[PDB]
Amino acid sequence: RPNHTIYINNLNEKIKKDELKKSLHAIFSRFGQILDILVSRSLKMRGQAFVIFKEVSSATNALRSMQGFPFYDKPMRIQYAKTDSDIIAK
RNA sequence: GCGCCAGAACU
RNA sequence: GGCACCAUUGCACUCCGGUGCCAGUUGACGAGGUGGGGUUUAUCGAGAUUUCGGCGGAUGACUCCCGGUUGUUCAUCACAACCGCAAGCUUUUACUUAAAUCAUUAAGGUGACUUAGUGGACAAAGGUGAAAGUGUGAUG
Ligand SMILES: N[C@@H]1[C@@H](O)[C@H](O)[C@@H](COP(=O)(O)O)O[C@@H]1O
Ligand SMILES: [Mg+2]
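Quick note on numbering: PDB author numbering labels position 15 of the first sequence as 21, and the sequence is numbered without any gaps.
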């Protein structure tokens, strides 16, 4: 269902860890205040990002507005997080 | 036990 | 660590896919040490994944010299150890800021690491102060 964290995939893998993290904050800041954006370049986690919002309302607005948006020459694919994040759950 | 850095090791 | 190529469209919350090329970083912690030449593997502990390995230096050692000093009064010689502004040797102590490692804290770096601090200390060789026993022979 809905979640404080949104799962993003289909991201450009050629972009380094912190540059992506800062460019993602550049867009998702308008929907609500972001707690953290978790990015990893491992085989299992590359081209993926976890933006953690404080409110669920900010996650839904981000999911609705940024879906299919071209980001680094690639259209974004946004879902909700399957489970809560460690900053939200604990 | 003083200086350097084509190996080696580490990132 | 970058960069390139290949593989990868996944649901994470501590650093984790291959392959090449190209960089970067470390790389001796103090204590002590220089009459001239020759030869050489250049003293002492502390620490310990590299204080490894390679290059350069080097006050060491050995040996032949030059010049001294001691060899328990003096001098000339040979002989032994010793000094090189010091000086026979065995034998005891104390003193001569140990520093780094270790433990941490800040600053810088993507990182390996770098710089600067702080804390606790811990040597040996040499040298010196003082305490014990002995130094070669022949001689004008
Ligand atoms: N004091 C040291 C010597 O003890 C050592 O013999 C020399 C050579 O260094 P290495 O150990 O690299 O041969 O360097 C220094 O001079
Ligand atoms: Mg040094």
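The beta-carbon is built from N, C-alpha and C at its ideal position, and this holds for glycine as well.
Sequence-distant residues of its chain with Cβ nearer than 8 Å to residue i (five each side left out)
i, result
"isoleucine 93", "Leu41, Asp42, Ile58"
"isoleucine 12", "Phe56, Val57, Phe59, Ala65, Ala68, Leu69, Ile84, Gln85, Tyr86, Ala87"
Residues that DSSP places opposite residue i in a beta bridge
i, result
"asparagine 15", "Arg83"
"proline 76", "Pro81"
Helix, strand or coil at residue i according to DSSP, with G and I counted as helix
i, result
"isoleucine 43", "strand"
"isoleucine 58", "strand"
"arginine 70", "helix"
"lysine 22", "coil"
"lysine 50", "coil"
"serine 29", "helix"
Cβ-heavy atom distance, residue i to ligand 4, below 6 Å
i, result
"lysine 23", "Among the ligands in the structure shown, ligand 4 does not appear; only ligand 1 and ligand 2 can be found there."
Residue i versus residue j: straight-line alpha-carbon distance, rounded
i, j, result
"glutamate 61", "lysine 20", "31 Å"
"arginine 7", "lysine 22", "31 Å"
Close-in-space but distant-in-sequence residues of the same chain around residue i (CB under 7 Å, 5 per side omitted)
i, result
"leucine 30", "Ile43, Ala55, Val57"
Close beta carbons around residue i, own chain, < 6 Å, minus the five adjacent residues each side
i, result
"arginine 52", "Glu19"
"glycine 38", "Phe59, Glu61, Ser64"
For this session: Evaluate the contact criterion for the segment 44-54 versus the segment 66-76: three or more CB pairs, one atom per stretch, below 8 Å.
Result: With a cut-off of 8 Å, the segment 66-76 and the segment 44-54 do not count as touching, because too few Cβ pairs lie within range.
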